[PDB]
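**Q** Data file data-v4.tsv (TSV, C-alpha atoms and all ligand atoms) is appended below.
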```tsv
chain	number	residue	atom	x	y	z
P	324	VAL	CA	-0.98	-14.38	18.59
P	325	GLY	CA	1.28	-11.39	18.97
P	326	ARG	CA	0.96	-9.62	15.61
P	327	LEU	CA	0.87	-5.84	15.24
P	328	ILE	CA	-0.11	-3.41	12.50
P	329	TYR	CA	3.02	-1.39	11.67
P	330	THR	CA	2.78	2.01	10.00
P	331	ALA	CA	5.91	3.57	8.54
P	332	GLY	CA	6.51	7.04	7.21
P	333	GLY	CA	3.80	9.27	5.83
P	334	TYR	CA	3.12	12.92	5.21
P	335	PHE	CA	1.95	15.86	7.30
P	336	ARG	CA	3.46	19.19	6.21
P	337	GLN	CA	6.57	17.19	5.25
P	338	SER	CA	7.52	13.55	4.89
P	339	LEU	CA	7.77	11.65	8.16
P	340	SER	CA	10.14	9.11	9.69
P	341	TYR	CA	7.70	7.58	12.18
P	342	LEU	CA	7.45	3.86	12.77
P	343	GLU	CA	4.53	3.03	15.06
P	344	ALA	CA	2.79	-0.27	15.77
P	345	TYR	CA	-0.83	-0.84	16.80
P	346	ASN	CA	-1.94	-3.89	18.79
P	347	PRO	CA	-5.57	-4.78	17.98
P	348	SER	CA	-5.71	-7.05	21.03
P	349	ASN	CA	-5.29	-4.21	23.56
P	350	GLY	CA	-5.62	-0.92	21.64
P	351	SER	CA	-2.06	0.18	22.38
P	352	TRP	CA	0.38	2.00	20.13
P	353	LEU	CA	4.14	1.72	20.36
P	354	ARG	CA	6.61	4.19	18.88
P	355	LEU	CA	9.56	2.29	17.42
P	356	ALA	CA	12.80	3.26	15.69
P	357	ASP	CA	12.44	6.07	13.17
P	358	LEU	CA	13.22	5.37	9.53
P	359	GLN	CA	16.71	6.47	8.55
P	360	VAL	CA	15.26	8.81	5.88
P	361	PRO	CA	11.78	10.43	6.04
P	362	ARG	CA	9.45	9.16	3.36
P	363	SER	CA	5.88	9.49	2.16
P	364	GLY	CA	4.25	7.69	-0.71
P	365	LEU	CA	6.05	4.48	0.20
P	366	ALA	CA	4.72	0.97	0.64
P	367	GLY	CA	5.28	-1.55	3.39
P	368	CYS	CA	5.39	-5.32	3.30
P	369	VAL	CA	6.67	-8.26	5.32
P	370	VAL	CA	8.80	-11.23	4.33
P	371	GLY	CA	10.17	-13.72	6.84
P	372	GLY	CA	8.99	-11.70	9.81
P	373	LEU	CA	10.91	-8.61	8.65
P	374	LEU	CA	9.21	-5.33	7.75
P	375	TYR	CA	10.27	-3.61	4.54
P	376	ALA	CA	9.81	0.03	3.54
P	377	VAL	CA	9.91	0.48	-0.23
P	378	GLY	CA	10.25	3.63	-2.31
P	379	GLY	CA	8.48	6.89	-1.61
P	380	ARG	CA	9.72	10.47	-1.61
P	381	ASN	CA	11.28	12.70	1.01
P	382	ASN	CA	9.39	15.99	0.91
P	383	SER	CA	11.57	18.10	3.21
P	384	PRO	CA	12.34	21.78	3.79
P	385	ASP	CA	15.50	21.30	1.71
P	386	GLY	CA	14.07	19.42	-1.29
P	387	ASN	CA	11.88	16.69	-2.70
P	388	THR	CA	13.81	13.49	-3.40
P	389	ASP	CA	12.16	10.40	-4.86
P	390	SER	CA	13.36	7.18	-3.24
P	391	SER	CA	14.74	4.01	-4.78
P	392	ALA	CA	15.38	2.70	-1.29
P	393	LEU	CA	14.52	-0.61	0.29
P	394	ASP	CA	15.02	-0.72	4.06
P	395	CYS	CA	14.36	-3.56	6.48
P	396	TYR	CA	13.15	-3.34	10.07
P	397	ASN	CA	13.69	-6.28	12.42
P	398	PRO	CA	11.29	-6.29	15.38
P	399	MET	CA	13.79	-8.44	17.31
P	400	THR	CA	16.39	-5.64	17.26
P	401	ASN	CA	14.31	-2.47	16.73
P	402	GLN	CA	16.76	-1.53	13.98
P	403	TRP	CA	16.44	-0.54	10.34
P	404	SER	CA	19.02	-1.86	7.87
P	405	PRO	CA	19.47	-0.75	4.24
P	406	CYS	CA	18.98	-3.31	1.49
P	407	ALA	CA	19.84	-3.14	-2.19
P	408	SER	CA	18.14	-0.22	-3.90
P	409	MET	CA	15.70	-0.52	-6.77
P	410	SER	CA	16.65	0.28	-10.36
P	411	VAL	CA	14.76	3.58	-10.24
P	412	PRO	CA	13.13	5.95	-7.74
P	413	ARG	CA	9.44	5.14	-7.18
P	414	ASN	CA	7.20	7.57	-5.30
P	415	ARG	CA	3.52	6.69	-4.86
P	416	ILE	CA	4.56	3.06	-5.30
P	417	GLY	CA	2.59	-0.14	-4.88
P	418	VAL	CA	4.09	-3.37	-3.54
P	419	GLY	CA	3.05	-7.01	-3.32
P	420	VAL	CA	4.76	-10.17	-2.11
P	421	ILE	CA	4.69	-13.48	-4.01
P	422	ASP	CA	6.38	-16.50	-2.45
P	423	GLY	CA	8.86	-14.46	-0.45
P	424	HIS	CA	9.71	-11.99	-3.22
P	425	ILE	CA	8.85	-8.28	-3.15
P	426	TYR	CA	7.39	-6.75	-6.29
P	427	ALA	CA	7.75	-2.97	-6.67
P	428	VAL	CA	5.16	-1.63	-9.10
P	429	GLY	CA	4.93	1.67	-10.91
P	430	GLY	CA	5.28	4.96	-9.12
P	431	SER	CA	6.76	8.29	-10.16
P	432	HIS	CA	10.18	9.87	-10.54
P	433	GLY	CA	9.75	13.57	-11.15
P	434	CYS	CA	7.42	13.89	-14.11
P	435	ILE	CA	8.04	10.26	-15.16
P	436	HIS	CA	5.15	7.83	-14.57
P	437	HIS	CA	6.48	4.28	-14.49
P	438	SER	CA	5.03	1.17	-16.02
P	439	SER	CA	8.13	-0.74	-14.92
P	440	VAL	CA	8.05	-3.45	-12.27
P	441	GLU	CA	10.92	-5.11	-10.41
P	442	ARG	CA	11.28	-8.04	-8.04
P	443	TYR	CA	13.45	-8.32	-4.93
P	444	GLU	CA	15.03	-11.56	-3.71
P	445	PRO	CA	15.71	-11.21	0.03
P	446	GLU	CA	18.14	-14.09	0.36
P	447	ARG	CA	20.27	-12.76	-2.51
P	448	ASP	CA	19.66	-9.05	-1.73
P	449	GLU	CA	19.07	-8.37	-5.42
P	450	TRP	CA	16.46	-6.60	-7.50
P	451	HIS	CA	15.69	-7.52	-11.09
P	452	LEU	CA	13.25	-5.95	-13.52
P	453	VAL	CA	10.35	-8.11	-14.72
P	454	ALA	CA	7.80	-7.41	-17.44
P	455	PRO	CA	6.36	-3.88	-17.23
P	456	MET	CA	2.66	-3.26	-16.75
P	457	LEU	CA	0.49	-2.46	-19.76
P	458	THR	CA	-0.21	0.97	-18.20
P	459	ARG	CA	1.90	3.63	-16.53
P	460	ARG	CA	0.55	3.96	-12.99
P	461	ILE	CA	1.45	6.10	-9.99
P	462	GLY	CA	-0.58	6.00	-6.83
P	463	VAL	CA	-1.25	2.40	-7.81
P	464	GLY	CA	-2.76	-0.11	-5.41
P	465	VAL	CA	-1.25	-3.58	-5.39
P	466	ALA	CA	-2.28	-6.85	-3.83
P	467	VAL	CA	-1.57	-10.56	-4.24
P	468	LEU	CA	-4.12	-13.36	-4.25
P	469	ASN	CA	-3.41	-16.99	-5.14
P	470	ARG	CA	0.14	-16.12	-6.28
P	471	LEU	CA	-1.10	-13.61	-8.84
P	472	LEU	CA	-0.24	-9.89	-8.52
P	473	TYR	CA	-2.83	-7.18	-9.17
P	474	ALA	CA	-2.18	-3.52	-10.00
P	475	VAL	CA	-5.28	-1.40	-9.50
P	476	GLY	CA	-6.06	2.14	-10.57
P	477	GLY	CA	-3.60	4.97	-10.22
P	478	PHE	CA	-2.73	7.99	-12.31
P	479	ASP	CA	-0.94	8.04	-15.65
P	480	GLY	CA	-0.29	11.82	-15.47
P	481	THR	CA	-3.32	12.70	-17.60
P	482	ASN	CA	-6.18	10.68	-16.12
P	483	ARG	CA	-6.86	8.83	-12.95
P	484	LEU	CA	-7.63	5.24	-13.81
P	485	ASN	CA	-10.36	2.71	-13.17
P	486	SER	CA	-8.37	0.06	-15.03
P	487	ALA	CA	-6.57	-2.83	-13.40
P	488	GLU	CA	-4.27	-5.60	-14.51
P	489	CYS	CA	-2.85	-8.89	-13.29
P	490	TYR	CA	0.65	-10.31	-13.47
P	491	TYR	CA	1.05	-14.05	-14.08
P	492	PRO	CA	4.55	-14.89	-12.81
P	493	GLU	CA	5.06	-18.16	-14.66
P	494	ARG	CA	4.50	-16.34	-17.97
P	495	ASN	CA	6.11	-13.02	-16.91
P	496	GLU	CA	3.05	-11.38	-18.44
P	497	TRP	CA	0.44	-8.76	-17.55
P	498	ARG	CA	-3.18	-8.90	-18.68
P	499	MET	CA	-5.97	-6.40	-18.13
P	500	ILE	CA	-8.77	-7.43	-15.79
P	501	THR	CA	-12.27	-5.97	-15.55
P	502	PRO	CA	-11.99	-2.27	-14.67
P	503	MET	CA	-13.29	-0.92	-11.38
P	504	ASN	CA	-16.57	0.94	-11.30
P	505	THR	CA	-14.77	4.04	-9.98
P	506	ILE	CA	-11.64	5.87	-11.06
P	507	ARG	CA	-9.21	5.80	-8.14
P	508	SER	CA	-5.66	6.84	-7.47
P	509	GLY	CA	-4.17	6.54	-4.03
P	510	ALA	CA	-6.71	3.91	-2.98
P	511	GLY	CA	-5.93	1.28	-0.38
P	512	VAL	CA	-5.76	-2.09	-2.12
P	513	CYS	CA	-5.64	-5.42	-0.29
P	514	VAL	CA	-6.86	-8.99	-0.44
P	515	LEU	CA	-9.45	-10.58	1.76
P	516	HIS	CA	-10.81	-14.07	1.14
P	517	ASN	CA	-11.19	-14.44	-2.66
P	518	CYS	CA	-11.42	-10.74	-3.54
P	519	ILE	CA	-9.17	-7.77	-4.21
P	520	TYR	CA	-10.53	-4.70	-2.37
P	521	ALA	CA	-10.03	-1.09	-3.46
P	522	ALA	CA	-10.95	1.38	-0.70
P	523	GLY	CA	-11.08	5.12	-1.04
P	524	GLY	CA	-8.68	7.11	-3.15
P	525	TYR	CA	-9.08	10.18	-5.32
P	526	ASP	CA	-11.11	10.28	-8.53
P	527	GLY	CA	-9.66	13.58	-9.79
P	528	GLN	CA	-12.35	15.68	-8.07
P	529	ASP	CA	-13.06	14.17	-4.65
P	530	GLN	CA	-11.57	11.90	-2.05
P	531	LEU	CA	-13.67	8.74	-1.89
P	532	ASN	CA	-15.30	6.70	0.85
P	533	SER	CA	-16.56	4.01	-1.53
P	534	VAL	CA	-15.07	0.53	-1.45
P	535	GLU	CA	-15.34	-2.12	-4.15
P	536	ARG	CA	-14.06	-5.66	-4.45
P	537	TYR	CA	-12.99	-7.79	-7.40
P	538	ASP	CA	-13.93	-11.47	-7.23
P	539	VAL	CA	-11.06	-13.22	-9.00
P	540	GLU	CA	-13.30	-16.10	-10.14
P	541	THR	CA	-16.34	-14.17	-11.41
P	542	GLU	CA	-14.32	-11.16	-12.64
P	543	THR	CA	-16.81	-8.63	-11.28
P	544	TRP	CA	-16.35	-5.56	-9.12
P	545	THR	CA	-18.98	-5.05	-6.42
P	546	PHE	CA	-19.36	-2.17	-3.99
P	547	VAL	CA	-19.37	-3.04	-0.30
P	548	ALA	CA	-20.27	-0.75	2.60
P	549	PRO	CA	-18.45	2.60	2.30
P	550	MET	CA	-15.97	3.77	4.88
P	551	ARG	CA	-17.14	6.32	7.42
P	552	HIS	CA	-14.50	8.77	6.20
P	553	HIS	CA	-13.55	9.73	2.69
P	554	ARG	CA	-9.81	9.25	2.33
P	555	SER	CA	-7.07	9.21	-0.25
P	556	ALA	CA	-3.46	8.16	0.24
P	557	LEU	CA	-4.58	5.82	3.02
P	558	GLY	CA	-2.67	2.90	4.45
P	559	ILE	CA	-4.31	-0.51	4.37
P	560	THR	CA	-3.70	-4.00	5.67
P	561	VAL	CA	-5.56	-7.14	6.66
P	562	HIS	CA	-5.41	-8.79	10.03
P	563	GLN	CA	-7.44	-11.72	11.34
P	564	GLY	CA	-9.95	-11.54	8.54
P	565	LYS	CA	-10.65	-7.81	8.71
P	566	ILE	CA	-9.43	-4.84	6.68
P	567	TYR	CA	-7.80	-1.90	8.48
P	568	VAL	CA	-7.49	1.50	6.81
P	569	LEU	CA	-5.14	4.07	8.37
P	570	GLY	CA	-5.09	7.80	7.91
P	571	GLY	CA	-5.17	9.52	4.57
P	572	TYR	CA	-6.45	12.88	3.41
P	573	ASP	CA	-10.13	13.82	3.22
P	574	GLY	CA	-9.74	17.17	1.48
P	575	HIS	CA	-9.76	19.02	4.81
P	576	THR	CA	-7.76	17.07	7.39
P	577	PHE	CA	-4.91	14.59	7.46
P	578	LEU	CA	-6.83	11.87	9.20
P	579	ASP	CA	-5.76	10.01	12.31
P	580	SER	CA	-8.77	7.68	11.98
P	581	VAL	CA	-8.30	3.90	11.70
P	582	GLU	CA	-11.38	2.05	10.46
P	583	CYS	CA	-11.88	-1.72	10.37
P	584	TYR	CA	-14.07	-3.62	7.91
P	585	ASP	CA	-15.84	-6.80	9.00
P	586	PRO	CA	-16.77	-8.80	5.87
P	587	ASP	CA	-19.26	-10.98	7.76
P	588	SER	CA	-21.48	-8.02	8.66
P	589	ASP	CA	-20.38	-5.75	5.79
P	590	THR	CA	-19.74	-2.91	8.23
P	591	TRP	CA	-16.93	-0.51	9.10
P	592	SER	CA	-16.15	0.73	12.60
P	593	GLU	CA	-13.58	3.14	14.00
P	594	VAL	CA	-11.17	1.09	16.11
P	595	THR	CA	-8.38	3.52	17.08
P	596	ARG	CA	-6.65	6.75	16.16
P	597	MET	CA	-3.07	7.10	15.07
P	598	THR	CA	-0.98	9.33	17.30
P	599	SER	CA	-1.18	12.08	14.66
P	600	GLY	CA	-2.94	12.52	11.35
P	601	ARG	CA	-0.96	11.68	8.23
P	602	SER	CA	-1.31	10.37	4.69
P	603	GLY	CA	0.91	8.33	2.38
P	604	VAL	CA	2.04	5.70	4.88
P	605	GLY	CA	3.30	2.19	4.35
P	606	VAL	CA	1.60	-0.52	6.40
P	607	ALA	CA	2.14	-4.23	7.08
P	608	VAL	CA	1.63	-6.84	9.79
P	609	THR	CA	4.21	-8.90	11.62
P	610	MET	CA	5.11	-10.12	15.08
P	611	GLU	CA	5.55	-7.67	17.93
P	612	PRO	CA	9.05	-6.81	19.20
P	701	LIG	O1	0.41	11.42	1.09
P	701	LIG	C1	1.09	11.81	0.19
P	701	LIG	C2	2.14	10.99	-0.53
P	701	LIG	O2	1.63	9.67	-0.75
P	701	LIG	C3	0.67	9.41	-1.67
P	701	LIG	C4	0.39	8.05	-1.82
P	701	LIG	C5	-0.59	7.71	-2.78
P	701	LIG	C6	-1.23	8.68	-3.57
P	701	LIG	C7	-0.88	10.05	-3.35
P	701	LIG	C8	0.07	10.40	-2.42
P	701	LIG	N1	0.98	13.09	-0.31
P	701	LIG	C9	-0.05	14.02	0.29
P	701	LIG	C10	0.30	15.43	-0.18
P	701	LIG	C11	-0.67	16.43	0.43
P	701	LIG	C12	-2.08	16.08	-0.09
P	701	LIG	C13	-2.53	14.60	0.25
P	701	LIG	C14	-1.47	13.60	-0.26
```
Would you give me this structure, written as structure tokens?
**A**
Amino acid sequence: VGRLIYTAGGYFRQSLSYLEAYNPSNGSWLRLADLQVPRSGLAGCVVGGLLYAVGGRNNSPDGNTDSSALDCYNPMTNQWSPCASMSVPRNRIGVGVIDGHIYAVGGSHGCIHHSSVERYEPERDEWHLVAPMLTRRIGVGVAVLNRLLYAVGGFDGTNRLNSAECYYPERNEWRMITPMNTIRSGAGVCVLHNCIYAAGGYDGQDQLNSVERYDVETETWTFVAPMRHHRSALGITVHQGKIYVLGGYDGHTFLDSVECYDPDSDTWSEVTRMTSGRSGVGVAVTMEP
């Protein structure tokens, strides 16, 4: 009991500093302490009950600055604290957590498209580079299942990608997995039961409502019910066995829609609206303040 869906940052006209938390048990939203620096294209994650905001870019009136930052929000204090910065700025980053360690994957720095990957140790407040991916990927979706890290889709600067790869920590090695059926960058990628889901994104021509899932045993990708709304640069998380997608861009509107996927019925429903439409958020779940 008591867990909220936290959304940090995002983009609407400029990068945003908002931190807001949704309570699925009562439909309420809380506005919490703003990020110290506005950021879009970031990722969120949780370790030890603390919320982390990783990477991104500050698109502001005065400039566009890619972020190497890691910042930590403690729901007990409603305060953000800086942590050690990454080796490199990473906008349009993907993040996953393995056994209490944060992996920062890919992303962009100016015209540079990273294949590099680094790992944060919260107790030591240190980052260290690990093996790079086999592919340069920005707008990459990342998720962790069974202590293996998956990097899904993205953009290498020339083509959006249907490819995906898996990192095996004990060997510090990446291997390609079966590619998705659809090219996607800026998809929401998460884990639910024994599958990696890729929802939405941009294929180079259109924002997508399709959703497909990779079964890590059978190595297949299967489409599930599509979302009601096409969206790229959406936030995603999982809570109590359901997927939540937040915001994004549909080619017309920065969406405020939050949809929820029930795997038992293979259906999506609209569960709430964010307080304002935005794309490029970071999202994670932890205890309420
Ligand atoms: O939301 C963002 C930044 O975060 C992104 C995250 C993943 C992929 C792409 C971007 N930029 C918006 C600019 C205006 C057009 C819609 C995307």
**Q** Could you tell me how far CA of residue 530 in chain P sits from CA of residue 426 in chain P, in Å to one decimal place?
**A**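 That distance, rounded to one decimal, is 26.9 Å.
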**Q** So what do you get for CA of residue 339 in chain P versus CA of residue 362 in chain P, distance-wise?
**A**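 These atoms are spaced 5.7 Å apart.
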**Q** Could you give me, as an mmCIF file with C-alpha atoms, in the coordinates of the input, the residues that have an atom at most 10 Å away from the point (-6.4, 17.4, 15.8) in the coordinates of the file, using all atoms listed in the file?
**A**
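Output file out_15.cif is given in full below:
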```
data_model
loop_
_atom_site.group_PDB
_atom_site.id
_atom_site.type_symbol
_atom_site.label_atom_id
_atom_site.label_comp_id
_atom_site.auth_asym_id
_atom_site.auth_seq_id
_atom_site.Cartn_x
_atom_site.Cartn_y
_atom_site.Cartn_z
ATOM 1 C CA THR P 576 -7.760 17.070 7.390
ATOM 2 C CA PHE P 577 -4.910 14.590 7.460
ATOM 3 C CA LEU P 578 -6.830 11.870 9.200
ATOM 4 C CA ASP P 579 -5.760 10.010 12.310
ATOM 5 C CA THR P 598 -0.980 9.330 17.300
ATOM 6 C CA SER P 599 -1.180 12.080 14.660
ATOM 7 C CA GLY P 600 -2.940 12.520 11.350
#
```
**Q** Which one of P:354, P:447, P:380, P:442 sits closest to ligand LIG 701 (chain P) if you count only C-alpha atoms and all ligand atoms?
**A**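 Using only C-alpha atoms and all ligand atoms, ligand LIG 701 (chain P) sits closest to P:380.
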**Q** Would you list the contacts of residue 394 in chain P as a PyMOL selection string, taking every protein, DNA or RNA residue within 9 Å and counting only C-alpha atoms, but skipping same-chain residues closer than 6 positions in sequence?
**A** chain P and resi 358-359+374-377+403-408
